[PDB]
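Notes for the one structure printed next.
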Amino acid sequence: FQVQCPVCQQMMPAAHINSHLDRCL
Amino acid sequence: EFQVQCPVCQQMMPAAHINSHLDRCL
Ligand code: NA
Ligand code: NA
Ligand SMILES: [Zn+2]
Ligand SMILES: [Zn+2]
């Protein structure tokens with residue numbers, strides 16, 4: 001399922017969002 | 001044809017699509 005990152009706006013699998021926010025911020 | 005595992009979500013998918021599947025920081 002895809003979610004939008006609340007910061008950079010990229011669409012990505014929900015299972016990545018936490019990890020993404022942790023790495024990019 | 002080749003499956004590789006996603007290092008973030010541990011799902012299997014074709015190697016051709018793993019690049020698209022992961023997102024980078026902008
Ligand atoms: Na994406
Ligand atoms: Na961080
Ligand atoms: Zn982001
Ligand atoms: Zn994944």
Side-chain angles (χ1 to χ4, degrees):
Chain A
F1 328 80
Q2 296 233 320
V3 291
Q4 187 169 61
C5 176
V7 177
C8 74
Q9 308 287 98
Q10 289 183 95
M11 300 298 306
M12 76 194 65
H16 295 203
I17 187 64
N18 196 49
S19 160
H20 166 81
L21 283 175
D22 282 342
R23 294 160 26 73
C24 302
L25 307 183
Chain B
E1 36 158 340
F2 301 116
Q3 298 266 95
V4 333
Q5 201 173 9
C6 181
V8 182
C9 72
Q10 284 81 52
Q11 303 301 278
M12 305 302 301
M13 71 200 58
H17 303 286
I18 185 102
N19 223 359
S20 283
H21 167 76
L22 297 150
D23 289 288
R24 285 189 229 257
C25 304
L26 297 189

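Each ligand, and each atom within it, is numbered from 1 in the order the structure gives. Naming: A, B, ... by sequence-line order, numbering from 1 per chain.
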Please tabulate, one pair per line, all N/O donor-acceptor pairs under 3.5 Å involving side-chain atoms of residues 3-11 of chain B, not counting sequence neighbours.
unit_1: B:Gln5; atom_1: NE2; unit_2: B:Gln10; atom_2: O; d: 3.2
unit_1: B:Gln10; atom_1: NE2; unit_2: B:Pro7; atom_2: O; d: 3.1
unit_1: B:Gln11; atom_1: NE2; unit_2: B:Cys9; atom_2: O; d: 3.1

Among residues at least two apart in sequence or on other chains, which ones pass ring-ring contact (aromatic ring centres under 6.0 Å, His included) with B:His21? A:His16
According to a 4.5 Å side-chain heavy-atom criterion applied to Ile, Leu, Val, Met, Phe, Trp and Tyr, with indirect links allowed, do B:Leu22 and A:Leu25 form part of one hydrophobic cluster? no
The expected count of protein N/O/S atoms at less than 3.0 Å from the Na ion (ligand 1) is 3
I need the minimum non-hydrogen distance between B:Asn19 and B:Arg24, along with the two atoms involved. OD1-NH2, 4.0 Å
Contacts of the Zn ion (ligand 3) with protein N/O/S atoms, counting only those under 2.8 Å: A:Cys5 SG, A:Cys8 SG, A:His20 NE2
Can you name the N/O/S atom of A:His16 that is nearest the Zn ion (ligand 4)? NE2
